[PDB]
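One structure is given below, encoded as structure tokens.
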Amino acid sequence: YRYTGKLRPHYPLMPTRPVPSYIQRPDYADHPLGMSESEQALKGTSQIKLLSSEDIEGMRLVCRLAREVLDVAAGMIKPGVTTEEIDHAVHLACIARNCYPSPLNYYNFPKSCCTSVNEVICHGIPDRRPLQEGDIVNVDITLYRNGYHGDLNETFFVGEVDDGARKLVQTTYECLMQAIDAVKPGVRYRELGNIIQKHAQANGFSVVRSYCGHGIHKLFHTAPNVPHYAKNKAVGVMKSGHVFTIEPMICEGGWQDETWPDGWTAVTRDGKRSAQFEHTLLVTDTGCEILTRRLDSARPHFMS
Ligand SMILES: CO[C@@H](C(=O)NCC(N)=O)[C@H](O)[C@@H](O)[C@H](O)/C=C/C(C)(C)C
Ligand SMILES: [Mn+2]
Ligand SMILES: [Mn+2]
Ligand code: NA
């Protein structure tokens, strides 16, 4: 394998962490390949669920607990902390909230969250690498409570970063927020990619095509598919009651990705940096409710 940049995996990984059996588990948790039979049963469908009141309440709770766990991870971001150490804290913070960490064994993903540094676009596997001053690192958290998943991520700076890191991260967060600002009933899912690509291209960045936002509720990934690039052909129109994520991945270089031999870590094929942000959204009559927002602070962590 020819690495595309300076990052390397740092092995061995710690043994898989158990979740106590008192925590309710999603269907894939005990499937030997991590497959989710409830997702597979819906595979080739474009139909979108209209959430009940009870469903909305379940989504509000799990998304609120997921933001609390991202904040725990945010507080740990400093030089010399390993991504494994972050994952261990996240795994304990999920169990403290009586939640299962949704990534753990999802299609055999081996950890409780994803930690993506620099050229990693997404799905990086927490490991023994200590964070370096100048890194950008994204932590992506998903929790499962009472049958509902809630998903969010932010990119953080490790100590002092360079101007290019600051622009990429800011522009990425602005792409997510301009897309959220357009959400309201009657809007097509395919329009959000136009908004995102327009702002990314104005700042000299590209938009990852291989990875997308998604419906989420009782399934971790379900309709709709939500591409982040322009002129995509995604199916569907927003309606009040729909819940989905928007999670754009924006890159310094070209948009092309490839995956490491571990089968999960997605990296820029040019080795340049990529950043991401994610929220879980509910469509409401006035626009949308950002279920994974912060409640006690105005800005994402990178701005403090
Ligand atoms: C971009 O990643 C998203 C995704 O795969 N989107 C669907 C798609 N087909 O591109 C995904 O939802 C992430 O947000 C989630 O945190 C990570 C989940 C794993 C347990 C699969 C690593
Ligand atoms: Mn996520
Ligand atoms: Mn997601
Ligand atoms: Na990255």
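In the structure tokens, chains take the letters A, B, ... in the order shown, each chain's residues start at 1, and ligands count up from 1 in the order shown.
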
**Request:** Would you mind writing down, as number ranges by chain, each residue of region 20-99 of chain A that DSSP on the backbone assigns to alpha helix (DSSP H)?
**Result:** A: 37-41, 53-74, 83-96

**Request:** Please identify all polymer residues within 12 Å of residue 73 (chain A), counting only C-alpha atoms, omitting same-chain residues fewer than 2 positions from it, and present them as number ranges by chain.
**Result:** A: 66-71, 75-78, 81-94, 112-115, 137-141, 153-156, 301

Prev. selection, N, CA, C and O atoms, output as a compact mmCIF listing (two decimals), in the first residue's frame:
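Output (result.txt):
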```txt
# COMPACT_ATOMS: atom_id res chain seq x y z
N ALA A 66 -25.84 12.76 22.44
CA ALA A 66 -24.68 12.70 21.54
C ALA A 66 -23.86 14.00 21.57
O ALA A 66 -22.67 13.93 21.56
N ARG A 67 -24.55 15.15 21.59
CA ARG A 67 -23.79 16.42 21.67
C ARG A 67 -23.03 16.44 22.98
O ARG A 67 -21.86 16.85 23.02
N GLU A 68 -23.68 15.96 24.05
CA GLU A 68 -22.88 15.97 25.31
C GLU A 68 -21.62 15.13 25.19
O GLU A 68 -20.54 15.48 25.70
N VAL A 69 -21.67 13.98 24.50
CA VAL A 69 -20.47 13.13 24.37
C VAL A 69 -19.43 13.80 23.42
O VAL A 69 -18.25 13.74 23.70
N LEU A 70 -19.86 14.46 22.34
CA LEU A 70 -18.90 15.18 21.50
C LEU A 70 -18.19 16.24 22.34
O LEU A 70 -17.00 16.41 22.17
N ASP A 71 -18.96 16.87 23.18
CA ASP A 71 -18.29 17.93 24.02
C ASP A 71 -17.26 17.36 24.92
O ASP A 71 -16.24 18.06 25.18
N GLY A 75 -13.08 18.42 24.72
CA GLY A 75 -12.30 18.90 25.92
C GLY A 75 -10.97 18.23 26.05
O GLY A 75 -10.09 18.69 26.82
N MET A 76 -10.77 17.12 25.32
CA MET A 76 -9.55 16.30 25.37
C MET A 76 -8.53 16.61 24.27
O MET A 76 -7.47 15.98 24.23
N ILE A 77 -8.91 17.46 23.31
CA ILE A 77 -8.14 17.63 22.13
C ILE A 77 -6.92 18.53 22.57
O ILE A 77 -7.11 19.72 22.90
N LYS A 78 -5.76 17.90 22.62
CA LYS A 78 -4.47 18.58 22.85
C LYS A 78 -3.34 17.70 22.32
O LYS A 78 -3.49 16.50 22.21
N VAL A 81 -2.28 13.52 23.13
CA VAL A 81 -3.44 12.63 23.46
C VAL A 81 -3.62 11.69 22.26
O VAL A 81 -3.53 12.19 21.15
N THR A 82 -3.81 10.40 22.50
CA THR A 82 -3.98 9.44 21.34
C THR A 82 -5.46 9.43 21.02
O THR A 82 -6.34 9.67 21.88
N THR A 83 -5.72 9.09 19.76
CA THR A 83 -7.14 8.95 19.37
C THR A 83 -7.77 7.78 20.09
O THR A 83 -8.97 7.81 20.42
N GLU A 84 -7.03 6.72 20.41
CA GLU A 84 -7.56 5.68 21.29
C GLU A 84 -8.02 6.19 22.67
O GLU A 84 -8.97 5.65 23.20
N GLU A 85 -7.24 7.09 23.26
CA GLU A 85 -7.64 7.66 24.53
C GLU A 85 -8.96 8.44 24.44
O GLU A 85 -9.78 8.41 25.34
N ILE A 86 -9.12 9.17 23.35
CA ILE A 86 -10.39 9.89 23.06
C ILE A 86 -11.49 8.85 22.95
O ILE A 86 -12.56 8.99 23.59
N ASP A 87 -11.26 7.80 22.16
CA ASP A 87 -12.36 6.79 22.01
C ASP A 87 -12.73 6.16 23.35
O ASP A 87 -13.86 5.83 23.60
N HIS A 88 -11.75 5.86 24.18
CA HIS A 88 -12.06 5.25 25.49
C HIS A 88 -12.95 6.17 26.33
O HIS A 88 -13.99 5.72 26.90
N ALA A 89 -12.62 7.45 26.32
CA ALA A 89 -13.45 8.43 27.06
C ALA A 89 -14.86 8.54 26.49
O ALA A 89 -15.83 8.60 27.23
N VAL A 90 -14.95 8.47 25.13
CA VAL A 90 -16.25 8.54 24.51
C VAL A 90 -17.06 7.28 24.87
O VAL A 90 -18.28 7.39 25.16
N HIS A 91 -16.42 6.11 24.85
CA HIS A 91 -17.10 4.81 25.10
C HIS A 91 -17.66 4.88 26.56
O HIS A 91 -18.86 4.60 26.74
N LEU A 92 -16.83 5.38 27.48
CA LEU A 92 -17.36 5.51 28.90
C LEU A 92 -18.45 6.54 29.03
O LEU A 92 -19.44 6.26 29.77
N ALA A 93 -18.40 7.64 28.26
CA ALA A 93 -19.38 8.69 28.32
C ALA A 93 -20.72 8.24 27.73
O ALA A 93 -21.77 8.66 28.21
N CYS A 94 -20.69 7.37 26.69
CA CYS A 94 -21.92 6.79 26.14
C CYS A 94 -22.57 5.88 27.23
O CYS A 94 -23.76 5.99 27.49
N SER A 112 -15.54 2.99 18.94
CA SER A 112 -16.78 3.58 19.42
C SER A 112 -17.08 4.92 18.82
O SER A 112 -18.11 5.53 19.11
N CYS A 113 -16.13 5.40 18.03
CA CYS A 113 -16.28 6.68 17.34
C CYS A 113 -15.24 6.70 16.20
O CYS A 113 -14.43 5.79 16.14
N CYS A 114 -15.36 7.70 15.33
CA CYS A 114 -14.34 7.86 14.31
C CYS A 114 -13.50 9.09 14.59
O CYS A 114 -14.00 10.11 15.00
N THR A 115 -12.21 8.98 14.35
CA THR A 115 -11.21 10.07 14.60
C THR A 115 -10.42 10.24 13.34
O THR A 115 -9.66 9.30 12.94
N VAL A 137 -8.36 17.56 13.51
CA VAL A 137 -8.89 16.21 13.83
C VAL A 137 -10.40 16.35 14.03
O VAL A 137 -10.94 17.24 14.68
N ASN A 138 -11.12 15.45 13.32
CA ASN A 138 -12.51 15.41 13.47
C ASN A 138 -12.93 14.21 14.34
O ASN A 138 -12.35 13.13 14.24
N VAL A 139 -13.83 14.42 15.32
CA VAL A 139 -14.46 13.31 16.09
C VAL A 139 -15.91 13.21 15.76
O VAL A 139 -16.59 14.22 15.74
N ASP A 140 -16.19 11.96 15.37
CA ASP A 140 -17.56 11.80 14.95
C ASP A 140 -18.20 10.79 15.89
O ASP A 140 -17.75 9.66 16.04
N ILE A 141 -19.27 11.24 16.50
CA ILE A 141 -20.01 10.55 17.54
C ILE A 141 -21.36 10.13 17.07
O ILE A 141 -22.12 10.94 16.48
N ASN A 153 -20.66 15.52 14.21
CA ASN A 153 -19.19 15.55 14.23
C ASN A 153 -18.77 17.00 14.12
O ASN A 153 -19.50 17.89 13.66
N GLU A 154 -17.60 17.24 14.68
CA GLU A 154 -16.95 18.52 14.45
C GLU A 154 -15.45 18.32 14.17
O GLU A 154 -14.85 17.34 14.63
N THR A 155 -14.85 19.28 13.43
CA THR A 155 -13.36 19.30 13.33
C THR A 155 -12.81 20.32 14.34
O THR A 155 -13.37 21.36 14.52
N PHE A 156 -11.68 19.88 14.90
CA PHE A 156 -11.03 20.66 16.00
C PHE A 156 -9.59 20.94 15.55
O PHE A 156 -9.02 20.22 14.74
N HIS A 301 -16.73 24.30 18.53
CA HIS A 301 -15.52 24.37 19.43
C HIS A 301 -14.37 25.03 18.77
O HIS A 301 -13.56 25.69 19.48
```

Taking a cut-off of 10 Å and counting only C-alpha atoms, can you build a table that, for each residue of region 124-207 of chain A near region 243-246 of chain A, reports the nearest atom pair and how far apart they are in Å (one decimal), sorted by chain then residue number, as CSV?
```
residue,atom,partner,partner_atom,distance
A:150,CA,A:245,CA,9.3
A:151,CA,A:245,CA,7.5
A:152,CA,A:245,CA,8.1
A:175,CA,A:246,CA,9.8
A:176,CA,A:246,CA,6.8
A:177,CA,A:246,CA,9.3
A:179,CA,A:246,CA,7.8
A:180,CA,A:246,CA,7.7
A:192,CA,A:246,CA,8.6
A:193,CA,A:246,CA,9.7
```

Selection export as a PDB file, in the first residue's frame, atoms kept: N, CA, C and O atoms:
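The result, stored in out-v5.pdb:
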```
ATOM      1  N   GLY A 150     -28.415   9.095  17.143  1.00  0.00           N
ATOM      2  CA  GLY A 150     -28.181  10.473  16.919  1.00  0.00           C
ATOM      3  C   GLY A 150     -26.699  10.715  16.550  1.00  0.00           C
ATOM      4  O   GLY A 150     -25.805  10.117  17.196  1.00  0.00           O
ATOM      5  N   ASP A 151     -26.443  11.535  15.528  1.00  0.00           N
ATOM      6  CA  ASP A 151     -25.117  11.549  14.831  1.00  0.00           C
ATOM      7  C   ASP A 151     -24.633  12.960  14.632  1.00  0.00           C
ATOM      8  O   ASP A 151     -25.368  13.819  14.104  1.00  0.00           O
ATOM      9  N   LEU A 152     -23.369  13.230  15.047  1.00  0.00           N
ATOM     10  CA  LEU A 152     -22.846  14.555  14.766  1.00  0.00           C
ATOM     11  C   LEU A 152     -21.312  14.485  14.753  1.00  0.00           C
ATOM     12  O   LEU A 152     -20.721  13.469  15.235  1.00  0.00           O
ATOM     13  N   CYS A 175     -20.215  25.769   4.990  1.00  0.00           N
ATOM     14  CA  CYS A 175     -20.986  24.950   3.987  1.00  0.00           C
ATOM     15  C   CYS A 175     -22.098  24.217   4.669  1.00  0.00           C
ATOM     16  O   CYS A 175     -23.259  24.190   4.160  1.00  0.00           O
ATOM     17  N   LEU A 176     -21.815  23.619   5.829  1.00  0.00           N
ATOM     18  CA  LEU A 176     -22.890  22.892   6.540  1.00  0.00           C
ATOM     19  C   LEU A 176     -24.010  23.888   6.924  1.00  0.00           C
ATOM     20  O   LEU A 176     -25.178  23.581   6.766  1.00  0.00           O
ATOM     21  N   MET A 177     -23.671  25.033   7.458  1.00  0.00           N
ATOM     22  CA  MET A 177     -24.699  25.924   7.963  1.00  0.00           C
ATOM     23  C   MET A 177     -25.532  26.568   6.842  1.00  0.00           C
ATOM     24  O   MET A 177     -26.738  26.691   7.026  1.00  0.00           O
ATOM     25  N   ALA A 179     -26.188  25.085   4.152  1.00  0.00           N
ATOM     26  CA  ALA A 179     -27.170  24.009   3.705  1.00  0.00           C
ATOM     27  C   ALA A 179     -28.331  23.904   4.739  1.00  0.00           C
ATOM     28  O   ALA A 179     -29.474  23.762   4.389  1.00  0.00           O
ATOM     29  N   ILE A 180     -28.039  23.886   6.037  1.00  0.00           N
ATOM     30  CA  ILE A 180     -29.067  23.808   7.067  1.00  0.00           C
ATOM     31  C   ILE A 180     -30.077  24.985   6.913  1.00  0.00           C
ATOM     32  O   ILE A 180     -31.280  24.769   7.072  1.00  0.00           O
ATOM     33  N   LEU A 192     -29.322  20.580  -1.714  1.00  0.00           N
ATOM     34  CA  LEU A 192     -28.301  20.963  -0.707  1.00  0.00           C
ATOM     35  C   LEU A 192     -26.897  20.858  -1.265  1.00  0.00           C
ATOM     36  O   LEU A 192     -26.050  21.720  -0.935  1.00  0.00           O
ATOM     37  N   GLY A 193     -26.640  19.889  -2.130  1.00  0.00           N
ATOM     38  CA  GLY A 193     -25.297  19.761  -2.772  1.00  0.00           C
ATOM     39  C   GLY A 193     -24.886  20.970  -3.627  1.00  0.00           C
ATOM     40  O   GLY A 193     -23.744  21.422  -3.681  1.00  0.00           O
TER      41      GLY A 193
END
```

**Asked** So which residues are near ligand 4, meaning at most 7 Å away with only C-alpha atoms and all ligand atoms counted, given back as a VMD selection string?
**Response** chain A and resid 116 to 122 136 to 138 273 to 275

Please write the residues from the selection above to a file, keeping N, CA, C and O atoms, as a short mmCIF file (atom, residue, chain, number, x, y, z; two decimals), in the first residue's frame.
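And here's part_12.cif as it stands now:
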```
data_model
loop_
_atom_site.label_atom_id
_atom_site.label_comp_id
_atom_site.auth_asym_id
_atom_site.auth_seq_id
_atom_site.Cartn_x
_atom_site.Cartn_y
_atom_site.Cartn_z
N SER A 116 -10.67 11.34 12.63
CA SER A 116 -10.07 11.55 11.31
C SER A 116 -9.12 12.76 11.37
O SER A 116 -9.58 13.89 11.52
N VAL A 117 -7.83 12.45 11.11
CA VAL A 117 -6.79 13.48 11.17
C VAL A 117 -6.37 13.91 9.77
O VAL A 117 -6.15 13.05 8.90
N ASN A 118 -6.22 15.25 9.58
CA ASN A 118 -5.58 15.78 8.33
C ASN A 118 -6.11 15.19 7.04
O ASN A 118 -7.25 15.53 6.74
N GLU A 119 -5.36 14.39 6.28
CA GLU A 119 -5.82 13.84 4.97
C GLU A 119 -6.88 12.84 5.09
O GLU A 119 -7.49 12.43 4.08
N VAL A 120 -7.17 12.36 6.33
CA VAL A 120 -8.33 11.46 6.47
C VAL A 120 -9.63 12.25 6.29
O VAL A 120 -9.89 13.30 6.93
N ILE A 121 -10.49 11.74 5.38
CA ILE A 121 -11.78 12.40 5.07
C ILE A 121 -12.85 12.00 6.08
O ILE A 121 -13.56 12.81 6.60
N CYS A 122 -12.78 10.72 6.42
CA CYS A 122 -13.79 10.17 7.39
C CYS A 122 -13.46 8.73 7.70
O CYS A 122 -12.66 8.07 7.04
N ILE A 136 -5.38 18.92 12.30
CA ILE A 136 -6.83 19.08 12.45
C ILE A 136 -7.36 17.65 12.65
O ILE A 136 -6.81 16.67 12.16
N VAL A 137 -8.36 17.56 13.51
CA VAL A 137 -8.89 16.21 13.83
C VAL A 137 -10.40 16.35 14.03
O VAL A 137 -10.94 17.24 14.68
N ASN A 138 -11.12 15.45 13.32
CA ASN A 138 -12.51 15.41 13.47
C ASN A 138 -12.93 14.21 14.34
O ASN A 138 -12.35 13.13 14.24
N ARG A 273 -5.41 18.09 2.93
CA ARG A 273 -6.26 17.95 4.16
C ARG A 273 -7.74 17.97 3.76
O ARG A 273 -8.13 18.60 2.75
N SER A 274 -8.57 17.38 4.68
CA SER A 274 -10.04 17.39 4.41
C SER A 274 -10.64 17.68 5.81
O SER A 274 -10.11 17.16 6.76
N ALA A 275 -11.72 18.46 5.82
CA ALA A 275 -12.47 18.70 7.06
C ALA A 275 -13.94 18.38 6.87
O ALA A 275 -14.46 18.41 5.77
#
```

**Request:** Could you tell me which of A:290, A:65, A:59, A:7 comes closest to residue 183 (chain A) if we count only C-alpha atoms?
**Result:** A:290

Closest pair table for chain A residues within 8 Å of ligand 3, only C-alpha atoms and all ligand atoms, as CSV:
```
residue,atom,partner,partner_atom_place_in_ligand_line,distance
A:142,CA,ligand 3,1 (Mn),7.9
A:151,CA,ligand 3,1 (Mn),5.6
A:152,CA,ligand 3,1 (Mn),6.8
A:212,CA,ligand 3,1 (Mn),7.8
A:213,CA,ligand 3,1 (Mn),5.8
A:214,CA,ligand 3,1 (Mn),6.3
A:216,CA,ligand 3,1 (Mn),7.9
A:220,CA,ligand 3,1 (Mn),7.8
A:221,CA,ligand 3,1 (Mn),7.4
A:245,CA,ligand 3,1 (Mn),6.0
A:246,CA,ligand 3,1 (Mn),7.5
A:247,CA,ligand 3,1 (Mn),6.5
A:278,CA,ligand 3,1 (Mn),7.0
A:280,CA,ligand 3,1 (Mn),8.0
```

Produce a file of the selected residues containing N, CA and C atoms, as a PDB file, in the first residue's frame.
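File again-v3.pdb, as written:
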```
ATOM      1  N   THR A 142     -21.704   8.897  17.381  1.00  0.00           N
ATOM      2  CA  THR A 142     -23.144   8.485  17.169  1.00  0.00           C
ATOM      3  C   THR A 142     -23.528   7.604  18.358  1.00  0.00           C
ATOM      4  N   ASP A 151     -26.443  11.535  15.528  1.00  0.00           N
ATOM      5  CA  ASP A 151     -25.117  11.549  14.831  1.00  0.00           C
ATOM      6  C   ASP A 151     -24.633  12.960  14.632  1.00  0.00           C
ATOM      7  N   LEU A 152     -23.369  13.230  15.047  1.00  0.00           N
ATOM      8  CA  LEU A 152     -22.846  14.555  14.766  1.00  0.00           C
ATOM      9  C   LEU A 152     -21.312  14.485  14.753  1.00  0.00           C
ATOM     10  N   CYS A 212     -21.925  10.533   1.907  1.00  0.00           N
ATOM     11  CA  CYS A 212     -23.133  11.389   1.874  1.00  0.00           C
ATOM     12  C   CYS A 212     -23.851  11.480   3.225  1.00  0.00           C
ATOM     13  N   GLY A 213     -24.731  12.496   3.403  1.00  0.00           N
ATOM     14  CA  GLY A 213     -25.622  12.531   4.534  1.00  0.00           C
ATOM     15  C   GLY A 213     -26.734  11.579   4.333  1.00  0.00           C
ATOM     16  N   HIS A 214     -27.569  11.396   5.344  1.00  0.00           N
ATOM     17  CA  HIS A 214     -28.480  10.215   5.324  1.00  0.00           C
ATOM     18  C   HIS A 214     -29.591  10.379   6.290  1.00  0.00           C
ATOM     19  N   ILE A 216     -31.773   9.125   9.349  1.00  0.00           N
ATOM     20  CA  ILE A 216     -31.336   8.445  10.590  1.00  0.00           C
ATOM     21  C   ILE A 216     -32.556   8.585  11.545  1.00  0.00           C
ATOM     22  N   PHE A 220     -29.569   3.428  11.550  1.00  0.00           N
ATOM     23  CA  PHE A 220     -28.385   4.407  11.591  1.00  0.00           C
ATOM     24  C   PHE A 220     -28.322   5.099  10.194  1.00  0.00           C
ATOM     25  N   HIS A 221     -28.368   4.284   9.111  1.00  0.00           N
ATOM     26  CA  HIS A 221     -28.412   4.911   7.747  1.00  0.00           C
ATOM     27  C   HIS A 221     -29.670   4.453   6.972  1.00  0.00           C
ATOM     28  N   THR A 245     -29.223  13.613   8.261  1.00  0.00           N
ATOM     29  CA  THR A 245     -27.998  14.441   8.521  1.00  0.00           C
ATOM     30  C   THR A 245     -27.530  15.171   7.265  1.00  0.00           C
ATOM     31  N   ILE A 246     -26.680  16.173   7.511  1.00  0.00           N
ATOM     32  CA  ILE A 246     -25.912  16.830   6.441  1.00  0.00           C
ATOM     33  C   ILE A 246     -24.492  16.767   6.995  1.00  0.00           C
ATOM     34  N   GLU A 247     -23.524  16.257   6.214  1.00  0.00           N
ATOM     35  CA  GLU A 247     -22.131  16.038   6.829  1.00  0.00           C
ATOM     36  C   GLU A 247     -21.045  16.246   5.786  1.00  0.00           C
ATOM     37  N   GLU A 278     -21.023  17.816  10.949  1.00  0.00           N
ATOM     38  CA  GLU A 278     -22.268  17.026  10.791  1.00  0.00           C
ATOM     39  C   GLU A 278     -23.228  17.485  11.877  1.00  0.00           C
ATOM     40  N   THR A 280     -27.505  16.361  12.893  1.00  0.00           N
ATOM     41  CA  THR A 280     -28.793  15.666  12.643  1.00  0.00           C
ATOM     42  C   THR A 280     -29.904  16.709  12.728  1.00  0.00           C
TER      43      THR A 280
END
```

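Between atom 6 (N, counted along the ligand's line) of ligand 1 and CA of residue 206 (chain A) the separation is 17.8 Å.
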
Please identify all polymer residues within 10 Å of residue 262 (chain A), counting only C-alpha atoms, omitting same-chain residues fewer than 3 positions from it, and present them as a compact mmCIF listing (two decimals) with N, CA and C atoms, in the first residue's frame.
```txt
# COMPACT_ATOMS: atom_id res chain seq x y z
N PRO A 9 -1.34 4.35 10.11
CA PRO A 9 -1.99 3.72 11.29
C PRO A 9 -0.92 3.39 12.36
N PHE A 109 -17.04 -2.31 12.30
CA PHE A 109 -16.13 -1.13 12.67
C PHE A 109 -15.64 -1.43 14.09
N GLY A 124 -11.91 7.39 10.17
CA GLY A 124 -10.64 7.00 10.75
C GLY A 124 -10.86 6.20 12.04
N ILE A 125 -9.95 5.26 12.25
CA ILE A 125 -10.02 4.30 13.39
C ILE A 125 -9.10 4.80 14.51
N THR A 259 -9.42 4.22 0.05
CA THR A 259 -9.54 3.67 1.40
C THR A 259 -8.26 2.92 1.70
N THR A 265 -10.58 3.53 6.65
CA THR A 265 -10.07 4.92 6.68
C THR A 265 -10.07 5.49 5.28
N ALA A 266 -10.79 6.57 5.09
CA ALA A 266 -10.92 7.14 3.73
C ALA A 266 -10.00 8.31 3.75
```

**Prompt:** Which polymer residues have any atom within 9 Å of an atom of residue 161 (chain A), counting only C-alpha atoms, with same-chain residues fewer than 5 positions away left out, as a count of residues only?
**Reply:** 5

Within 7 Å of region 34-49 of chain A: each region 193-266 of chain A residue with its shortest pair, only C-alpha atoms, as JSON lines:
```
{"residue": "A:219", "atom": "CA", "partner": "A:39", "partner_atom": "CA", "distance": 6.3}
{"residue": "A:222", "atom": "CA", "partner": "A:39", "partner_atom": "CA", "distance": 6.9}
{"residue": "A:223", "atom": "CA", "partner": "A:48", "partner_atom": "CA", "distance": 5.5}
{"residue": "A:224", "atom": "CA", "partner": "A:48", "partner_atom": "CA", "distance": 6.3}
{"residue": "A:235", "atom": "CA", "partner": "A:46", "partner_atom": "CA", "distance": 6.7}
{"residue": "A:242", "atom": "CA", "partner": "A:49", "partner_atom": "CA", "distance": 6.4}
```

Please dump the current selection as an mmCIF file, in the first residue's frame; keep C-alpha atoms.
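Resulting contents of part.cif:
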```cif
data_model
loop_
_atom_site.group_PDB
_atom_site.id
_atom_site.type_symbol
_atom_site.label_atom_id
_atom_site.label_comp_id
_atom_site.auth_asym_id
_atom_site.auth_seq_id
_atom_site.Cartn_x
_atom_site.Cartn_y
_atom_site.Cartn_z
ATOM 1 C CA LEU A 219 -31.938 2.927 11.458
ATOM 2 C CA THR A 222 -31.650 5.088 5.723
ATOM 3 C CA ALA A 223 -33.418 7.230 3.112
ATOM 4 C CA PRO A 224 -32.846 9.851 2.053
ATOM 5 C CA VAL A 235 -34.556 11.526 -4.806
ATOM 6 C CA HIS A 242 -38.251 14.042 8.145
#
```
